[PDB]
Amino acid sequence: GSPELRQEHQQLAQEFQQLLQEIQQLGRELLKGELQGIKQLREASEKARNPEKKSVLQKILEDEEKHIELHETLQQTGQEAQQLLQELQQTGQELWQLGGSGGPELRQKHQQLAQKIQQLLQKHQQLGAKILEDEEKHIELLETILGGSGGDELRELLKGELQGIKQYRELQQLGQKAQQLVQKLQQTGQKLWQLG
């Protein structure tokens, strides 16, 4: 009903804010792991003597350099998402305050902001998914080329990679929840002034 629907919309948007925060923090923990993983890869790579193991390591390392970069895009789409969320909150409150006395430019802004934030989430999701498939390949390669020697650190590189995958899977799950919240904010939002 109309007050209850207003509150649901409001509560979805609070839930969404908290989730965006969780996504950003997880993204920073992921970049910390990437940097620490690069150090461990270089350590394995220096000690490697077999040419093929050396090469496999250096090609993982290239991927990881790319993932550092892609973390810049992850971070930014998330940041921009939080910016648009701020603007959703602000335009939202102004809509309730002013109604249709706040002219049509206000209602269009809020709709347009909703449209754009869903695209940023899709962009963010696609970037995360691409990193994750890489890390799944890294594990296969590491399990394949490395042995039980001290210098290989099969355990240390694998452990780090495995912790990373667990976190990137979580990241994608939080993103899918976010996209689902946005859908529901649209579904409730469209109803809010239908018996206003």
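Position 1 is the first residue in the sequence shown; the rest follow in order.
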TODO: Select between 55-63 and 137-145 the stretch whose C-alpha atoms have the higher average B-factor in the entry.
DONE: 55-63
TODO: Using the B-factors recorded in the PDB entry, average over the C-alpha atoms of 146-154 and of 29-37, then report which stretch comes out higher.
DONE: 146-154
Task: Ranked against its chain, the third holding the CA B-factor of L106 - done: highest
TODO: Determine, from the deposited record, the chain-internal third of the Cα B-factor for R169: lowest, middle or highest.
DONE: lowest
Task: Among modelled residues of the same chain, the CA temperature factor third for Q90 - done: middle
Task: CA B-factor ranking of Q125, expressed as a third of its chain - done: lowest
